[PDB]
Amino acid sequence: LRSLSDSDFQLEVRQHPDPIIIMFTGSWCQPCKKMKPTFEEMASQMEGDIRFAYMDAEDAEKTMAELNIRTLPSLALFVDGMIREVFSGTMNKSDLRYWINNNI
């Protein structure tokens, strides 16, 4: 999965036509380590429907600030370059599917 930084955000999220969910992550986060395989399993199922990417705290300070994202990991779904929903914390595979499909 691609990792994005603040410098990529305008192009890849605000300007890009296709939906994207960003998992915000960090180096010292056990919960993030266990959720990665789930996020990546979901990415594989939804390929060509929704894009999936990471943003590490160290590279996404400005993005996290303006989206007021603290909890880690966090998920942020964008549609038409606009924020749809932000989830704070971990999800198992079934809750993740429900969250995505219910929000698009």
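Position 1 is the first residue of the sequence, and the numbers go up from there.
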- prompt: If you count the non-hydrogen atoms of other residues, nucleotides and ligands that lie under 6.0 Å from NZ in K62, is the total more than 12?
  reply: no
query: Are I50 and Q45 close enough that some pair of their side-chain heavy atoms sits under 4.5 Å apart?
result: no
query: Is there a donor-acceptor pair under 3.5 Å between the side chain of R14 and the backbone N or O of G81?
result: yes
message: With a 6.0 Å cut-off on the ring centroids, do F24 and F87 count as close?
response: no
field: N/O donor-acceptor pair under 3.5 Å between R84 side chain and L77 backbone
entry: no
- request: Output the distance between atom CE (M91) and atom CE (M42), rounded to the nearest 0.5 Å.
  value: 9.0 Å
- prompt: For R2 and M55, what are the C-alpha separation, side-chain angles and deciding distance, and is it a side chain to side chain contact (heavy atoms under 4.5 Å, CB included)?
  reply: CA-CA 9 Å; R2 284 189 46 117; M55 287 185 90; over 6 Å; no
task: Could you please spell out the steps behind the side chain to side chain contact (heavy atoms under 4.5 Å, CB included) verdict for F39 and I21?
output: CA-CA 10 Å; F39 192 62; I21 173 164; 3.8 Å; yes
message: With a sphere of 6.0 Å drawn around CD of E58, does it hold more than 12 non-hydrogen atoms of other residues, nucleotides or ligands?
response: no
field: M35 side, atom CE; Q30 side, atom CD - distance, nearest 0.5 Å
entry: 13.5 Å
task: Start with the C-alpha gap between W28 and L72, add the side-chain angles, then the distance that decides, and say whether side chain to side chain contact (heavy atoms under 4.5 Å, CB included) holds.
output: CA-CA 10 Å; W28 301 269; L72 276 194; over 6 Å; no
message: I want to check something: taking the side chain as every heavy atom from C-beta on, are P73 and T90 in contact at a cut-off of under 4.5 Å?
response: yes
field: Reported CG-to-CG distance for the pair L4 and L11, which is rounded to 0.5 angstrom
entry: 9.5 Å
query: Taking atom OG1 of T38 and atom CZ of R97, what is their separation to the nearest 0.5 Å?
result: 11.5 Å
message: Which heavy atom of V79 sits nearest to which heavy atom of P19, and what is that distance?
response: CG2-CB, 4.5 Å
- line: CD of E41 to CG of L96, rounded to nearest 0.5 Å, is 10.5 Å
message: Main chain of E85, side chain of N103: is a donor-acceptor contact present, judged purely on distance under 3.5 Å?
response: no
- prompt: Does any N or O in the side chain of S74 come within less than 3.5 Å of the main-chain N or O of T71, such that one atom is a donor and the other an acceptor?
  reply: yes
message: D18 vs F78, test: side chain to side chain contact (heavy atoms under 4.5 Å, CB included). Steps then yes/no.
response: CA-CA 9 Å; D18 299 340; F78 296 84; over 6 Å; no
message: Quick check on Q15: does its CD atom have over 12 non-hydrogen neighbours (other residues, nucleotides or ligands) under 6.0 Å away?
response: yes
query: Are more than 12 heavy atoms from other residues, nucleotides or ligands located less than 6.0 Å from atom CD of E61?
result: no
query: Can you find a side-chain donor-acceptor pair between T25 and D56 that sits under 3.5 Å?
result: no
query: Short question: side chain of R51, backbone of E12 - any donor-acceptor pair under 3.5 Å?
result: yes
- prompt: About how many Å separate CD1 of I69 and OG1 of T63, when rounded to the nearest 0.5 Å?
  reply: 8.0 Å
task: Taking the side chain as every heavy atom from C-beta outward, state whether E47 and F52 have any atom pair closer than 4.5 Å.
output: no
query: So, does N102 use its side chain to make a donor-acceptor pair with the main chain of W99 at under 3.5 Å?
result: no
